[PDB]
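Visitor: One structure, as structure tokens, below. Some questions next.
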2 protein chains.
Amino acid sequence: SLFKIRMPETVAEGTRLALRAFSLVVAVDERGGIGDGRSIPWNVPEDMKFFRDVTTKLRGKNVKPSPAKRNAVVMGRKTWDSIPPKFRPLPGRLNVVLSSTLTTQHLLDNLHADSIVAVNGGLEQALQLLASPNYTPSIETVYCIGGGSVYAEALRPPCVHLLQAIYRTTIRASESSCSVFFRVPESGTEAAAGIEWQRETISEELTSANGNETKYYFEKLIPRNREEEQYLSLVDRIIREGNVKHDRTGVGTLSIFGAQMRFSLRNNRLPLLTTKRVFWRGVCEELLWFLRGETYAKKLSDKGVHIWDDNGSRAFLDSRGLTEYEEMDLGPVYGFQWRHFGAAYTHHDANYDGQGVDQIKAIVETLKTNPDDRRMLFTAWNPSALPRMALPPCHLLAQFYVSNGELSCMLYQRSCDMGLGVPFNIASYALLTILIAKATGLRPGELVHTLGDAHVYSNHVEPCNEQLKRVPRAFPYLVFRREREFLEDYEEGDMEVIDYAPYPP
Amino acid sequence: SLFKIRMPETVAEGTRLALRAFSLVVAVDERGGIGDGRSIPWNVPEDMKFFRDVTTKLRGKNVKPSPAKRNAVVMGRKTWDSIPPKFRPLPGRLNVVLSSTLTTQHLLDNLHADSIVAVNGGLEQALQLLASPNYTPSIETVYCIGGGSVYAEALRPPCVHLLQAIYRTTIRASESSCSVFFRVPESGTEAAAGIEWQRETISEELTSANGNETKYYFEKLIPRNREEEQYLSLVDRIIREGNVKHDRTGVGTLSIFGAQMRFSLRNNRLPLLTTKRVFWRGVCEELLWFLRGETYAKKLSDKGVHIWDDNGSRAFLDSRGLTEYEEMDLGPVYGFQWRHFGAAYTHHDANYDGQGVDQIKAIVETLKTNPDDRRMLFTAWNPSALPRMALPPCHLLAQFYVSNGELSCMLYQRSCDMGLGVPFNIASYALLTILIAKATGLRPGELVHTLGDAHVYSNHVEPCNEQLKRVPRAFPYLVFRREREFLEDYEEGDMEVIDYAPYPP
Ligand SMILES: NC(=O)c1ccc[n+]([C@@H]2O[C@H](COP(=O)([O-])OP(=O)(O)OC[C@H]3O[C@@H](n4cnc5c(N)ncnc54)[C@H](OP(=O)(O)O)[C@@H]3O)[C@@H](O)[C@H]2O)c1
Ligand SMILES: NC(=O)c1ccc[n+]([C@@H]2O[C@H](COP(=O)([O-])OP(=O)(O)OC[C@H]3O[C@@H](n4cnc5c(N)ncnc54)[C@H](OP(=O)(O)O)[C@@H]3O)[C@@H](O)[C@H]2O)c1
Ligand SMILES: CN(Cc1cnc2nc(N)nc(N)c2n1)c1ccc(C(=O)N[C@@H](CCC(=O)O)C(=O)O)cc1
Ligand SMILES: CN(Cc1cnc2nc(N)nc(N)c2n1)c1ccc(C(=O)N[C@@H](CCC(=O)O)C(=O)O)cc1
Ligand SMILES: O=c1ccn([C@H]2C[C@H](O)[C@@H](COP(=O)(O)O)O2)c(=O)[nH]1
Ligand SMILES: O=c1ccn([C@H]2C[C@H](O)[C@@H](COP(=O)(O)O)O2)c(=O)[nH]1
Ligand SMILES: [Cl-]
Ligand SMILES: [Cl-]
Ligand SMILES: [Cl-]
Ligand SMILES: [Cl-]
Ligand SMILES: [Cl-]
Ligand SMILES: [Cl-]
């Protein structure tokens, strides 16, 4: 007992008050107008249906959204009025109206069902409230539905940065008399705020069954994800240009040598790959495992994480000359080296308190006292210990760096499978940083990822081409439901990763 | 004794028969023509003087070129004839005429002085012969002076790649009747062979004191050095965008976090920076020092290398809590960790044979037997040894990789001074690779350089701006005058770095 690493008092100076990411639904005329002062000028029933369906429907199979798992819509006061009483409140969804004249009760009235909440501030507060401990597991996607004033805030920092998709219905009607305006800025413009907007989908031109045979079309717009895209263009480069190589088993690979990647961890954005679902539950579970200096791999198994299972079998241990290790015991691997570098190993049950160099601790120590130190790095690559290990480490090195009170972290990895190894490990180090940040009272900055031998497996090739066809969506956020007294005492339950919107596992 | 690493038998399969790099002098009309069949059409006396001076004059101060240190000109047979007997042979220079009809003696005739050599092949053989053990220290720059046939070979692989500068005199004369042609290809064209040609200098338009008041101008053309340029654009990025930081002494720095560089080591090209002269003699001396697992820093001092001098003083050792170490003893630093990782240190004189993990050896071992291994990496970052060291390592990690029978090598460095640290270290690892290549019977490939904290010192800033004004020239070549029985037994004398053409120290 301690020995452990003790967490600081408050959250990091000028810190991220946990927000929620959102999506925006809007209809415009060709000029980009939304409603002549109050309300809306045109009448397209097809938009209404398309509105209903976007706002209601959850991810997955035919899963009716009960209060226990549902979607939420955010609107200003004027719009909430604008909705006809026959469809008020909006069914299936959590009507969220911001107001500074009316309260939650003050709005409830025909009668009488509690699917609404009024909020005292703007969009930020909504997102804060929606990301708040109870609302978060229950509420899947947030949608902003208008109007002008609410949209203004959406395309303004720091909302615009939490803005993750725009569904935009264009109406082929035209007059000048429509007052307010909504234009998505072109990329690389001042108004763009450095965001790059792309078409993800776009419907046919369609004609409305209303009174004027008026044309309309749909389109989904997403904020281009350079970060994830660099990962992909590395995969493509390997496939096109990699050297054919053959590993220890004998499987064929394509590999390149030496590359570098970066990912913003700012405001707990978390680079889980969109183009393919990552095993976050395992990621998180394994790293906390690492952080304790753990070794008995069945701790992971017991918790439904089966990866060290292959390398933990009686067979493989023996195949690696580890007679004396009981099944699922790995020796001085990763985390052990992290916390007790150079400590002589015997078995996993054995007490390792005080033996060997506790790198992580000393790092946490230096960070707080002396941020400018060019020596804050831990290693798992111990030549003397390597033979006693079930597996030499891939991610063998990490160096920390601090600027503008933000913590960055370079990770070095000698052998990198883009297939799953890599995306997994990116998430893994992203978490470490965020945690270490939290432990040293700093905001998180960048993860820099340096790859040694980067490879794709011979089987993986064609699969990977399927992945390369997809566009990367925006990244999710790590948010803490709870904090702990000691870093070591953190658990998967304590955090929850919000707004992860991938494509199939 | 051995213990050591034993060198292989022959040189690496399909290997670089040591060549010399050269420069090209040529005159053209505006159409790019050089001489109507045999000889030259126009008469410009100013070209002749400019020819004389380029071909004769050595680098440095008023140093008359004696046979002991001089310049060499390479010409085909027809040109050697073309020279009028009153200036034959060309004075101050080693007239080198290739022929397959006439020999060295066969050409000597008025009479009678031995400043010439005939060669049986083309330009390659010339360069080979000029880089040959005796001719190399003595002969400073090689110039190719024509004609058509010799120029053809110059702009052809693999000469064009050893081609390092073109001095081109343009004559503002015009007819069609000039037969042969000389055009430098535009960059990114087929004919360019992937080389990018740039103007380094260009004179005034000038009028010849000959019979027709004919115009002419000069210009120097160099093959753009992307490689070195990446180093520079990193320096500029730091200066423009680096975070102000303050190191352990207290000096001010500008730093960035995490970057990556590459350098071709192919055919023993050696990335010594042109934009500022590097201390090669020290580089080479220190790395061989490393390679032996050496520690008594005075071995370097004795050999006129004073860098470990500051960190080796009685003072600094004491300042680092090293009472027991005699002056100029550093503890388990760099090379020691390389050769005896984890060996318990006592003093430099003490025998360390057989103790600790000999990384380098095992690497050399694996390379030969199993090139596809993703584990060939040595480290100097030993947490248990760090406190006993006078200095923690900057270059703490190197991983090797083999493709197409070429050896590449990634180097990881945690703290990087662009001022001198970096350029020095690039050369340092380039040498290691070349040597390790030689030890494992492989050709050398790429050095990949990964920088952690990259910085420029507060003083260094303005100096560095002066450097940034320069254009990087082409890189030099490492060539071996002699080989050794064991890797350890190599010496600075054994090799000689040819064609290093910088700007002031
Ligand atoms: N074409 C389309 O798809 C599109 C979409 C939606 C709506 N529209 C239309 O366009 C019109 C635009 O009008 P609008 O923008 O004024 O509508 P609105 O968004 O519904 O009205 C904003 C109201 O929300 C509350 N609010 C906003 N920010 C707040 C804050 N920071 N703190 C506390 N309360 C806050 C305020 O009510 P309190 O007075 O109570 O404080 C405020 O009056 C709407 O009437 C709508 O019908 C068009
Ligand atoms: N404008 C300018 O600045 C410029 C510069 C220089 C010259 N020029 C003129 O342009 C003309 C071009 O004619 P050119 O190109 O035929 O002249 P050249 O280069 O002097 O003649 C080539 C001769 O060199 C020997 N040689 C070349 N390659 C060889 C090889 N691979 N192995 C053995 N021997 C080799 C051959 O002599 P063997 O028969 O003995 O084998 C061959 O005939 C010259 O006459 C010159 O006056 C113009
Ligand atoms: C005034 N208002 C806001 C409104 C209207 N059209 C939009 N159209 C688009 N594309 N995006 C929006 N932001 C949007 N917002 C309204 C008006 C009617 C209903 C409405 O009838 N609600 C039903 C629609 C059912 C139906 O008519 O089919 C629902 O279930 O959502 C809601 C919001
Ligand atoms: C035919 N030939 C080859 C020749 C002539 N002009 C050139 N001009 C240029 N720019 N580049 C060359 N390749 C070149 N080559 C010649 C002709 C004369 C002399 C010559 O008179 N040599 C004296 C020149 C002394 C003088 O005339 O001032 C010397 O010292 O180099 C040499 C080479
Ligand atoms: O965290 C990990 C663990 C394993 N691997 C994969 C990639 C390589 O194929 C292999 C590395 O093991 P060796 O090649 O050195 O045996 O494991 C990773 O990419 N990341
Ligand atoms: O091979 C070397 C040796 C030293 N340094 C310089 C750069 C840093 O300023 C300093 C590293 O030492 P610390 O900052 O960790 O004390 O030494 C290098 O760049 N390369
Ligand atoms: Cl329906
Ligand atoms: Cl009102
Ligand atoms: Cl067992
Ligand atoms: Cl003169
Ligand atoms: Cl002839
Ligand atoms: Cl002493």
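Ordering of the structure tokens sets the chain letters (A, B, ...), residue numbers begin anew at 1 in every chain, and ligands are numbered from 1 in the order given.
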Can you check which residues of region 410-497 of chain A DSSP gives as strand (DSSP E) on the backbone and send them as number ranges by chain?
Guide: A: 410-417, 443-457, 477-480, 495-497
Visitor: Using only C-alpha atoms and all ligand atoms, find each protein or nucleic acid residue lying at most 8 Å from ligand 1; present the set as a PyMOL selection string.
Guide: chain A and resi 25-28+33-40+75-82+97-102+119-123+145-151+169+180
Visitor: For N, CA, C and O atoms, I'd like the residues from the last selection saved as a short mmCIF file (atom, residue, chain, number, x, y, z; two decimals), in the first residue's frame.
Guide:
data_model
loop_
_atom_site.label_atom_id
_atom_site.label_comp_id
_atom_site.auth_asym_id
_atom_site.auth_seq_id
_atom_site.Cartn_x
_atom_site.Cartn_y
_atom_site.Cartn_z
N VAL A 25 -28.77 19.38 -37.41
CA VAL A 25 -29.80 19.17 -38.43
C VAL A 25 -30.33 20.55 -38.82
O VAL A 25 -30.66 21.36 -37.95
N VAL A 26 -30.41 20.82 -40.13
CA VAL A 26 -30.88 22.12 -40.62
C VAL A 26 -31.41 22.05 -42.05
O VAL A 26 -30.95 21.23 -42.85
N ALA A 27 -32.39 22.89 -42.34
CA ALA A 27 -32.92 23.08 -43.69
C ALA A 27 -32.61 24.49 -44.15
O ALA A 27 -32.71 25.44 -43.37
N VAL A 28 -32.22 24.62 -45.42
CA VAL A 28 -31.92 25.92 -46.02
C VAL A 28 -32.52 26.06 -47.42
O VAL A 28 -32.74 25.06 -48.10
N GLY A 33 -30.82 30.51 -46.33
CA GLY A 33 -31.71 31.14 -45.35
C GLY A 33 -32.58 30.13 -44.63
O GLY A 33 -32.98 29.12 -45.22
N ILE A 34 -32.91 30.42 -43.38
CA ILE A 34 -33.56 29.43 -42.51
C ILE A 34 -34.96 29.78 -41.99
O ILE A 34 -35.75 28.89 -41.70
N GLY A 35 -35.27 31.07 -41.87
CA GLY A 35 -36.60 31.49 -41.41
C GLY A 35 -36.77 32.99 -41.29
O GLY A 35 -36.03 33.64 -40.55
N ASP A 36 -37.77 33.53 -42.02
CA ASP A 36 -38.04 34.98 -42.09
C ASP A 36 -38.37 35.64 -40.74
O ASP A 36 -39.54 35.80 -40.37
N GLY A 37 -37.32 36.02 -40.02
CA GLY A 37 -37.44 36.49 -38.63
C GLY A 37 -37.76 35.31 -37.72
O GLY A 37 -36.90 34.47 -37.44
N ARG A 38 -39.02 35.27 -37.27
CA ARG A 38 -39.57 34.12 -36.57
C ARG A 38 -39.97 33.03 -37.60
O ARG A 38 -40.28 33.35 -38.76
N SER A 39 -39.93 31.77 -37.17
CA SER A 39 -40.37 30.58 -37.95
C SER A 39 -39.61 30.24 -39.27
O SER A 39 -38.40 30.45 -39.37
N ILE A 40 -40.35 29.69 -40.24
CA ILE A 40 -39.82 29.10 -41.48
C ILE A 40 -40.77 29.46 -42.65
O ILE A 40 -41.99 29.42 -42.47
N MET A 75 -32.84 22.65 -28.59
CA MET A 75 -33.43 23.79 -29.27
C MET A 75 -33.52 25.00 -28.35
O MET A 75 -33.56 24.86 -27.13
N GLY A 76 -33.54 26.18 -28.95
CA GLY A 76 -33.82 27.40 -28.21
C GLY A 76 -35.30 27.47 -27.93
O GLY A 76 -36.08 26.64 -28.40
N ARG A 77 -35.69 28.48 -27.15
CA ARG A 77 -37.09 28.69 -26.79
C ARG A 77 -38.02 28.89 -28.00
O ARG A 77 -39.00 28.15 -28.15
N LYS A 78 -37.71 29.86 -28.86
CA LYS A 78 -38.58 30.22 -30.00
C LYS A 78 -39.00 29.03 -30.88
O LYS A 78 -40.12 29.00 -31.41
N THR A 79 -38.10 28.06 -31.04
CA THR A 79 -38.36 26.87 -31.85
C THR A 79 -39.34 25.93 -31.14
O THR A 79 -40.27 25.41 -31.77
N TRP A 80 -39.12 25.72 -29.85
CA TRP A 80 -40.00 24.90 -29.01
C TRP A 80 -41.45 25.35 -29.10
O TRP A 80 -42.36 24.52 -29.09
N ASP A 81 -41.65 26.67 -29.16
CA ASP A 81 -42.96 27.25 -29.46
C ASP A 81 -43.39 26.82 -30.85
O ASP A 81 -44.49 26.31 -31.04
N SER A 82 -42.50 27.02 -31.81
CA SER A 82 -42.79 26.83 -33.22
C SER A 82 -43.37 25.44 -33.51
O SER A 82 -44.15 25.29 -34.44
N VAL A 97 -34.83 22.36 -24.20
CA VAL A 97 -34.99 23.76 -24.53
C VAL A 97 -34.22 24.63 -23.54
O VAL A 97 -34.47 24.58 -22.34
N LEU A 98 -33.27 25.41 -24.05
CA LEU A 98 -32.58 26.39 -23.23
C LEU A 98 -33.45 27.62 -23.07
O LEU A 98 -34.12 28.04 -24.01
N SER A 99 -33.45 28.16 -21.86
CA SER A 99 -34.22 29.36 -21.53
C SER A 99 -33.64 30.08 -20.33
O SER A 99 -32.98 29.47 -19.48
N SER A 100 -33.88 31.38 -20.27
CA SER A 100 -33.58 32.16 -19.08
C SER A 100 -34.83 32.91 -18.62
O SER A 100 -34.75 33.79 -17.77
N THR A 101 -35.99 32.55 -19.20
CA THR A 101 -37.30 33.00 -18.71
C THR A 101 -38.17 31.85 -18.16
O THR A 101 -38.95 32.05 -17.22
N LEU A 102 -38.04 30.66 -18.75
CA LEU A 102 -38.86 29.50 -18.35
C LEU A 102 -38.04 28.32 -17.82
O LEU A 102 -36.98 28.00 -18.37
N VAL A 119 -32.63 24.41 -19.73
CA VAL A 119 -31.28 24.73 -19.22
C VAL A 119 -31.03 26.25 -19.22
O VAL A 119 -31.44 26.96 -20.15
N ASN A 120 -30.36 26.73 -18.17
CA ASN A 120 -30.22 28.17 -17.92
C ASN A 120 -29.24 28.92 -18.83
O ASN A 120 -29.36 30.13 -19.01
N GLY A 121 -28.29 28.20 -19.41
CA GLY A 121 -27.31 28.80 -20.32
C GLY A 121 -27.55 28.46 -21.79
O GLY A 121 -28.68 28.17 -22.20
N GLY A 122 -26.47 28.52 -22.57
CA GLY A 122 -26.51 28.20 -23.99
C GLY A 122 -26.21 26.74 -24.27
O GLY A 122 -26.53 25.87 -23.46
N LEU A 123 -25.59 26.49 -25.41
CA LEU A 123 -25.35 25.14 -25.86
C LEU A 123 -24.33 24.40 -24.98
O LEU A 123 -24.50 23.21 -24.71
N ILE A 145 -31.14 21.55 -33.28
CA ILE A 145 -32.19 21.68 -34.30
C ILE A 145 -32.64 23.10 -34.61
O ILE A 145 -33.49 23.30 -35.47
N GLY A 146 -32.06 24.07 -33.91
CA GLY A 146 -32.22 25.47 -34.28
C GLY A 146 -32.67 26.32 -33.11
O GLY A 146 -32.88 25.82 -32.00
N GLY A 147 -32.81 27.62 -33.35
CA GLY A 147 -32.69 28.16 -34.69
C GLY A 147 -31.48 29.06 -34.85
O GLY A 147 -30.42 28.79 -34.29
N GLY A 148 -31.65 30.14 -35.61
CA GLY A 148 -30.54 31.07 -35.88
C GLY A 148 -29.57 31.19 -34.72
O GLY A 148 -28.40 30.78 -34.83
N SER A 149 -30.07 31.73 -33.61
CA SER A 149 -29.28 31.94 -32.40
C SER A 149 -28.56 30.68 -31.89
O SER A 149 -27.41 30.75 -31.45
N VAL A 150 -29.22 29.53 -31.98
CA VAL A 150 -28.60 28.28 -31.55
C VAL A 150 -27.54 27.82 -32.57
O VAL A 150 -26.50 27.27 -32.18
N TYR A 151 -27.80 28.07 -33.85
CA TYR A 151 -26.85 27.73 -34.92
C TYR A 151 -25.59 28.59 -34.86
O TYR A 151 -24.48 28.09 -35.06
N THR A 169 -30.59 19.72 -45.33
CA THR A 169 -31.65 19.66 -46.33
C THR A 169 -31.69 20.99 -47.09
O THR A 169 -32.03 22.03 -46.52
N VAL A 180 -32.71 35.39 -41.51
CA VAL A 180 -31.51 34.75 -40.94
C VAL A 180 -30.81 33.85 -41.98
O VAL A 180 -31.44 33.41 -42.95
#
Visitor: Which residues, written as a ChimeraX atom specification, have at least one atom at most 8 Å from residue 228 (chain B), with only C-alpha atoms counted and residues fewer than 6 positions away on the same chain left out?
Guide: /B:271,273-274,472
Visitor: Once you count only C-alpha atoms, what closest atom pair and distance in Å to one decimal does each residue of chain A within 9 Å of chain B have, with rows by chain and rising residue number, as JSON lines?
Guide:
{"residue": "A:243", "atom": "CA", "partner": "B:403", "partner_atom": "CA", "distance": 6.8}
{"residue": "A:244", "atom": "CA", "partner": "B:403", "partner_atom": "CA", "distance": 8.8}
{"residue": "A:245", "atom": "CA", "partner": "B:372", "partner_atom": "CA", "distance": 6.4}
{"residue": "A:246", "atom": "CA", "partner": "B:372", "partner_atom": "CA", "distance": 6.5}
{"residue": "A:247", "atom": "CA", "partner": "B:372", "partner_atom": "CA", "distance": 6.5}
{"residue": "A:248", "atom": "CA", "partner": "B:373", "partner_atom": "CA", "distance": 7.5}
{"residue": "A:257", "atom": "CA", "partner": "B:401", "partner_atom": "CA", "distance": 7.1}
{"residue": "A:258", "atom": "CA", "partner": "B:448", "partner_atom": "CA", "distance": 6.7}
{"residue": "A:259", "atom": "CA", "partner": "B:260", "partner_atom": "CA", "distance": 7.6}
{"residue": "A:260", "atom": "CA", "partner": "B:260", "partner_atom": "CA", "distance": 7.0}
{"residue": "A:341", "atom": "CA", "partner": "B:383", "partner_atom": "CA", "distance": 7.2}
{"residue": "A:342", "atom": "CA", "partner": "B:384", "partner_atom": "CA", "distance": 6.8}
{"residue": "A:356", "atom": "CA", "partner": "B:384", "partner_atom": "CA", "distance": 8.0}
{"residue": "A:357", "atom": "CA", "partner": "B:383", "partner_atom": "CA", "distance": 6.8}
{"residue": "A:359", "atom": "CA", "partner": "B:383", "partner_atom": "CA", "distance": 8.0}
{"residue": "A:372", "atom": "CA", "partner": "B:245", "partner_atom": "CA", "distance": 6.4}
{"residue": "A:373", "atom": "CA", "partner": "B:247", "partner_atom": "CA", "distance": 7.0}
{"residue": "A:374", "atom": "CA", "partner": "B:415", "partner_atom": "CA", "distance": 6.1}
{"residue": "A:375", "atom": "CA", "partner": "B:414", "partner_atom": "CA", "distance": 7.4}
{"residue": "A:377", "atom": "CA", "partner": "B:414", "partner_atom": "CA", "distance": 8.5}
{"residue": "A:378", "atom": "CA", "partner": "B:383", "partner_atom": "CA", "distance": 8.3}
{"residue": "A:379", "atom": "CA", "partner": "B:381", "partner_atom": "CA", "distance": 7.8}
{"residue": "A:381", "atom": "CA", "partner": "B:379", "partner_atom": "CA", "distance": 7.8}
{"residue": "A:382", "atom": "CA", "partner": "B:382", "partner_atom": "CA", "distance": 7.6}
{"residue": "A:383", "atom": "CA", "partner": "B:357", "partner_atom": "CA", "distance": 6.8}
{"residue": "A:384", "atom": "CA", "partner": "B:342", "partner_atom": "CA", "distance": 6.8}
{"residue": "A:392", "atom": "CA", "partner": "B:375", "partner_atom": "CA", "distance": 8.2}
{"residue": "A:394", "atom": "CA", "partner": "B:375", "partner_atom": "CA", "distance": 8.9}
{"residue": "A:399", "atom": "CA", "partner": "B:414", "partner_atom": "CA", "distance": 7.5}
{"residue": "A:400", "atom": "CA", "partner": "B:452", "partner_atom": "CA", "distance": 8.9}
{"residue": "A:401", "atom": "CA", "partner": "B:257", "partner_atom": "CA", "distance": 7.1}
{"residue": "A:403", "atom": "CA", "partner": "B:243", "partner_atom": "CA", "distance": 6.8}
{"residue": "A:404", "atom": "CA", "partner": "B:243", "partner_atom": "CA", "distance": 8.2}
{"residue": "A:408", "atom": "CA", "partner": "B:257", "partner_atom": "CA", "distance": 8.2}
{"residue": "A:409", "atom": "CA", "partner": "B:257", "partner_atom": "CA", "distance": 8.7}
{"residue": "A:410", "atom": "CA", "partner": "B:258", "partner_atom": "CA", "distance": 6.9}
{"residue": "A:412", "atom": "CA", "partner": "B:412", "partner_atom": "CA", "distance": 8.5}
{"residue": "A:414", "atom": "CA", "partner": "B:374", "partner_atom": "CA", "distance": 7.0}
{"residue": "A:415", "atom": "CA", "partner": "B:374", "partner_atom": "CA", "distance": 6.1}
{"residue": "A:448", "atom": "CA", "partner": "B:258", "partner_atom": "CA", "distance": 6.7}
{"residue": "A:449", "atom": "CA", "partner": "B:258", "partner_atom": "CA", "distance": 8.8}
{"residue": "A:450", "atom": "CA", "partner": "B:450", "partner_atom": "CA", "distance": 7.9}
{"residue": "A:452", "atom": "CA", "partner": "B:410", "partner_atom": "CA", "distance": 7.3}
{"residue": "A:453", "atom": "CA", "partner": "B:374", "partner_atom": "CA", "distance": 6.9}
Visitor: Could you write out that same residue set with C-alpha atoms as an mmCIF file, in the first residue's frame?
Guide:
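Final file, result-v1.cif:
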data_model
loop_
_atom_site.group_PDB
_atom_site.id
_atom_site.type_symbol
_atom_site.label_atom_id
_atom_site.label_comp_id
_atom_site.auth_asym_id
_atom_site.auth_seq_id
_atom_site.Cartn_x
_atom_site.Cartn_y
_atom_site.Cartn_z
ATOM 1 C CA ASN A 243 8.835 -5.045 -48.699
ATOM 2 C CA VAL A 244 7.628 -8.638 -48.631
ATOM 3 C CA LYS A 245 8.911 -10.140 -45.377
ATOM 4 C CA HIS A 246 8.229 -13.293 -43.342
ATOM 5 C CA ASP A 247 7.960 -13.336 -39.529
ATOM 6 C CA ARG A 248 8.835 -15.964 -36.890
ATOM 7 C CA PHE A 257 10.655 1.066 -41.822
ATOM 8 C CA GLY A 258 10.182 4.129 -39.630
ATOM 9 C CA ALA A 259 7.238 6.545 -39.695
ATOM 10 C CA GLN A 260 5.711 9.049 -37.277
ATOM 11 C CA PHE A 341 12.649 -1.915 -13.673
ATOM 12 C CA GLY A 342 15.477 -4.316 -12.935
ATOM 13 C CA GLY A 356 13.557 -2.092 -8.944
ATOM 14 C CA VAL A 357 13.345 1.398 -10.412
ATOM 15 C CA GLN A 359 10.005 4.931 -13.569
ATOM 16 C CA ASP A 372 11.475 21.437 -18.594
ATOM 17 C CA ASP A 373 13.482 18.235 -17.928
ATOM 18 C CA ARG A 374 14.677 16.447 -21.037
ATOM 19 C CA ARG A 375 14.920 13.142 -19.217
ATOM 20 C CA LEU A 377 11.217 8.765 -20.113
ATOM 21 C CA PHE A 378 10.420 5.212 -19.141
ATOM 22 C CA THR A 379 11.418 2.048 -20.963
ATOM 23 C CA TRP A 381 13.193 -2.706 -23.133
ATOM 24 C CA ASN A 382 15.456 -4.383 -20.592
ATOM 25 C CA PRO A 383 18.056 -6.665 -22.242
ATOM 26 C CA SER A 384 18.744 -8.461 -18.932
ATOM 27 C CA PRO A 392 9.540 -8.813 -25.782
ATOM 28 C CA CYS A 394 6.626 -3.676 -28.939
ATOM 29 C CA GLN A 399 9.082 10.226 -23.436
ATOM 30 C CA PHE A 400 7.053 13.054 -21.984
ATOM 31 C CA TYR A 401 7.271 16.756 -22.743
ATOM 32 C CA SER A 403 4.488 23.016 -23.145
ATOM 33 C CA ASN A 404 1.855 25.648 -22.313
ATOM 34 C CA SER A 408 2.609 15.533 -24.659
ATOM 35 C CA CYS A 409 3.987 12.057 -25.030
ATOM 36 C CA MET A 410 6.144 10.339 -27.623
ATOM 37 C CA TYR A 412 8.324 4.363 -29.594
ATOM 38 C CA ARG A 414 9.586 -1.408 -32.731
ATOM 39 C CA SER A 415 7.102 -3.699 -34.409
ATOM 40 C CA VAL A 448 3.448 11.431 -31.026
ATOM 41 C CA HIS A 449 3.660 7.895 -32.359
ATOM 42 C CA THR A 450 6.915 6.622 -33.884
ATOM 43 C CA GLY A 452 9.794 1.095 -36.413
ATOM 44 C CA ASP A 453 8.887 -1.859 -38.584
#
Visitor: Using only C-alpha atoms and all ligand atoms, what does the table of chain A residues within 8 Å of ligand 9 look like, with each row giving the shortest atom pair and its distance in Å to one decimal, sorted by chain and ascending number, as a Markdown table?
Guide:
| residue | atom | partner | partner_atom_place_in_ligand_line | distance |
| --- | --- | --- | --- | --- |
| A:314 | CA | ligand 9 | 1 (Cl) | 6.1 |
| A:325 | CA | ligand 9 | 1 (Cl) | 7.2 |
| A:326 | CA | ligand 9 | 1 (Cl) | 4.0 |
| A:327 | CA | ligand 9 | 1 (Cl) | 4.3 |
| A:328 | CA | ligand 9 | 1 (Cl) | 8.0 |
Visitor: Would you mind listing what lies within 6 Å of residue 71 (chain A) as a PyMOL selection string, with only C-alpha atoms counted and same-chain residues fewer than 5 positions away left out?
Guide: chain A and resi 93+139-141
Visitor: Could you take the residues named above and write them with N, CA, C and O atoms, as a short mmCIF file (atom, residue, chain, number, x, y, z; two decimals), in the first residue's frame?
Guide:
data_model
loop_
_atom_site.label_atom_id
_atom_site.label_comp_id
_atom_site.auth_asym_id
_atom_site.auth_seq_id
_atom_site.Cartn_x
_atom_site.Cartn_y
_atom_site.Cartn_z
N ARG A 93 -37.67 11.37 -28.19
CA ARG A 93 -36.46 12.16 -27.96
C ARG A 93 -36.58 13.05 -26.73
O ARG A 93 -37.69 13.38 -26.29
N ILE A 139 -28.18 8.84 -23.03
CA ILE A 139 -28.33 9.67 -24.24
C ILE A 139 -27.24 9.40 -25.28
O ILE A 139 -26.07 9.71 -25.07
N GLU A 140 -27.65 8.83 -26.42
CA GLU A 140 -26.74 8.38 -27.48
C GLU A 140 -26.11 9.53 -28.31
O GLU A 140 -24.90 9.76 -28.22
N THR A 141 -26.91 10.22 -29.12
CA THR A 141 -26.44 11.37 -29.89
C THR A 141 -27.21 12.63 -29.52
O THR A 141 -28.41 12.59 -29.26
#
Visitor: Got a sec: who's within 6 Å of residue 24 (chain A), counting only C-alpha atoms, leaving out chain neighbours fewer than 4 positions off, as a list in words?
Guide: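 Counting only the stated atoms, we get residues 143, 144 and 166 of chain A.
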Visitor: Neighbouring residues of residue 15 (chain A) were defined as those with any atom within 12 Å, considering only C-alpha atoms; residues of the same chain fewer than 6 positions away were excluded. Please report them as a VMD selection string.
Guide: chain A and resid 266 to 268 405 to 406 437 to 438 441 to 444
